[PDB]
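The next block holds one structure in the form of structure tokens; read it before the comments.
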There are 2 protein chains.
Amino acid sequence: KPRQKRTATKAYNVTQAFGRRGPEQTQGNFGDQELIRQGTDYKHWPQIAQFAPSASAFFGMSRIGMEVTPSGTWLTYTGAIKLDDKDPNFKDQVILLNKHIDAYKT
Amino acid sequence: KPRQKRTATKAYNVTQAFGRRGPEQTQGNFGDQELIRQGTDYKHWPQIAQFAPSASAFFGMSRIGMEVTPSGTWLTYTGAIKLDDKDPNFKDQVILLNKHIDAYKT
């Protein structure tokens with residue numbers, strides 16, 4: 001039920017769970033219309049979920065902070081994930097990710 | 001093992017898995033000395049891992065991007081996980097998180 005523990009399915013789209021993809025910082029941007037309505041049932045979700053961090057790597061790699069804004073109390077995070085330049089599917093990994101970064105605008 | 005899929009334990013700690021905590025943009029800042037050495041075996045780790053995002057919530061809530069540097073191709077992410085102030089243990093969650101954020105500077 002917690003928002004960071006939700007999972008997007010076909011019966012529970014990413015828009016239904018994580019709001020409409022928008023330009024604001026409080027909104028998401030990753031995801032084309034394919035994996036938004038399908039969620040984890042996307043035909044290449046394992047090819048995408050292989051970059052989502054674990055529970056330990058989330059706090060080990062990211063830069064965590066604490067904000068108290070007008071909404072409430074937030075646990076901020078920011079980081080980067082290096083892609084394997086020697087992966088045989090790396091040339092295809094950089095394509096599928098760009099297909100969904102800011103895809104709500106196109 | 002991919003850095004985002006690594007799980008830090010007592011034999012494979014946070015410094016071994018995700019590097020030494022520092023102020024650089026590529027380094028992490030989360031974890032005090034006892035969370036670093038123990039990793040997932042930390043006493044209050046389930047109280048910390050409850051804010052880690054699910055694989056579906058990581059790409060749904062966060063703002064995902066990509067950059068090409070002299071090093072490699074990075075999958076950047078930036079977001080925030082709101083804390084429920086209706087929780088009775090809410091104040092203990094705020095204290096626990098602040099005890100590890102930038103704790104290497106003590």
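Identifiers in the structure tokens: chain A, B, ... in order shown; residue index from 1 per chain; ligand index from 1 in order shown.
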Give me every helix (DSSP H, G or I) residue in stretch 7-102 of chain A, going by DSSP on the backbone, as JSON, numbers by chain.
-> {"A": [14, 15, 16, 17, 18, 33, 34, 35, 36, 37, 38, 39, 40, 41, 45, 46, 47, 48, 49, 55, 56, 57, 58, 59, 60, 61, 90, 91, 92, 93, 94, 95, 96, 97, 98]}
Once chain A is superposed on chain B with a least-squares fit on all C-alpha pairs taken in order, can you show it as a CSV table (one decimal) with C-alpha atoms, in the first residue's frame?
chain,number,residue,atom,x,y,z
A,1,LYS,CA,27.3,-8.9,-9.2
A,2,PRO,CA,25.8,-5.8,-10.7
A,3,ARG,CA,26.5,-2.9,-8.4
A,4,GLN,CA,22.8,-1.8,-8.1
A,5,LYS,CA,21.9,-5.5,-7.3
A,6,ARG,CA,24.5,-5.9,-4.5
A,7,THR,CA,23.5,-6.5,-0.9
A,8,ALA,CA,25.6,-5.3,2.0
A,9,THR,CA,26.2,-8.0,4.6
A,10,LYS,CA,28.6,-8.4,7.6
A,11,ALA,CA,31.0,-10.3,5.3
A,12,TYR,CA,30.4,-7.7,2.6
A,13,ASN,CA,30.2,-4.2,4.0
A,14,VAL,CA,28.5,-1.3,2.3
A,15,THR,CA,32.0,0.3,1.9
A,16,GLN,CA,33.2,-2.9,0.2
A,17,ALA,CA,30.2,-2.9,-2.1
A,18,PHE,CA,29.3,0.8,-2.6
A,19,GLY,CA,32.6,2.5,-1.9
A,20,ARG,CA,33.7,4.8,0.9
A,21,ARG,CA,31.0,7.3,1.9
A,22,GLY,CA,32.2,10.6,0.5
A,23,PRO,CA,31.2,14.2,-0.4
A,24,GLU,CA,31.2,13.8,-4.2
A,25,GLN,CA,28.1,13.1,-6.2
A,26,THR,CA,29.4,9.7,-7.4
A,27,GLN,CA,29.7,8.6,-3.8
A,28,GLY,CA,27.2,7.6,-1.1
A,29,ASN,CA,26.5,9.5,2.1
A,30,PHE,CA,23.8,7.5,3.9
A,31,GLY,CA,25.0,5.2,6.7
A,32,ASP,CA,26.7,5.5,10.1
A,33,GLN,CA,29.6,3.2,11.1
A,34,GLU,CA,27.0,0.8,12.5
A,35,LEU,CA,25.1,-0.3,9.4
A,36,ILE,CA,28.2,0.2,7.1
A,37,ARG,CA,30.2,-2.7,8.6
A,38,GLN,CA,27.1,-4.7,9.3
A,39,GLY,CA,25.1,-4.0,6.1
A,40,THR,CA,21.7,-5.6,6.0
A,41,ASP,CA,22.3,-7.2,9.4
A,42,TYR,CA,21.9,-3.7,11.0
A,43,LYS,CA,19.6,-3.9,14.1
A,44,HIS,CA,17.1,-1.5,12.4
A,45,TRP,CA,17.6,-2.3,8.8
A,46,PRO,CA,13.9,-3.3,8.4
A,47,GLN,CA,13.1,0.1,9.9
A,48,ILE,CA,15.3,1.6,7.1
A,49,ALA,CA,14.6,-0.7,4.2
A,50,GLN,CA,10.9,0.1,4.5
A,51,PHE,CA,11.6,3.3,2.5
A,52,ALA,CA,13.7,1.7,-0.3
A,53,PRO,CA,11.6,1.7,-3.5
A,54,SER,CA,10.4,-1.4,-5.4
A,55,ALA,CA,11.3,-2.1,-9.0
A,56,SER,CA,8.2,-0.4,-10.3
A,57,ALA,CA,8.2,2.5,-7.9
A,58,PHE,CA,11.8,3.3,-8.8
A,59,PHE,CA,10.9,4.2,-12.4
A,60,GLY,CA,7.4,5.5,-11.4
A,61,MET,CA,8.4,8.0,-8.8
A,62,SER,CA,11.9,9.1,-9.7
A,63,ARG,CA,13.1,11.4,-12.5
A,64,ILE,CA,15.2,9.2,-14.8
A,65,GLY,CA,17.8,10.5,-17.2
A,66,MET,CA,20.7,9.3,-19.4
A,67,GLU,CA,24.2,10.7,-19.1
A,68,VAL,CA,27.3,9.9,-21.2
A,69,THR,CA,30.2,11.2,-19.0
A,70,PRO,CA,34.0,10.5,-19.3
A,71,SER,CA,33.5,7.3,-17.2
A,72,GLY,CA,30.7,5.8,-19.3
A,73,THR,CA,27.0,5.7,-19.7
A,74,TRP,CA,24.8,6.4,-16.6
A,75,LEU,CA,21.1,6.1,-15.8
A,76,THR,CA,20.5,9.0,-13.5
A,77,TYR,CA,17.6,9.1,-11.0
A,78,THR,CA,16.2,11.6,-8.5
A,79,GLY,CA,13.1,11.8,-6.4
A,80,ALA,CA,11.6,12.1,-2.9
A,81,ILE,CA,9.7,9.7,-0.7
A,82,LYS,CA,6.9,11.1,1.5
A,83,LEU,CA,6.9,9.9,5.1
A,84,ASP,CA,3.7,9.0,6.8
A,85,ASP,CA,2.8,11.8,9.2
A,86,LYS,CA,0.2,9.5,10.9
A,87,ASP,CA,2.6,6.6,11.4
A,88,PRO,CA,3.0,5.9,15.2
A,89,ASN,CA,6.8,5.3,14.6
A,90,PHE,CA,7.2,8.4,12.4
A,91,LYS,CA,8.8,10.4,15.2
A,92,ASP,CA,11.3,7.6,15.4
A,93,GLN,CA,11.6,7.2,11.6
A,94,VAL,CA,12.8,10.8,11.2
A,95,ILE,CA,15.5,10.1,13.9
A,96,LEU,CA,17.0,6.9,12.5
A,97,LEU,CA,17.3,8.4,9.0
A,98,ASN,CA,19.0,11.6,10.3
A,99,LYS,CA,21.4,9.4,12.3
A,100,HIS,CA,22.8,8.0,9.0
A,101,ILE,CA,22.5,11.0,6.6
A,102,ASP,CA,26.1,12.3,6.1
A,103,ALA,CA,27.2,10.4,9.2
A,104,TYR,CA,30.7,9.9,7.7
A,105,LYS,CA,31.5,13.5,8.5
A,106,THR,CA,30.6,13.4,12.2
Run DSSP on the backbone of this structure and report the residues of chain A it assigns to strand (DSSP E), as a ChimeraX atom specification.
-> /A:65-68,73-82
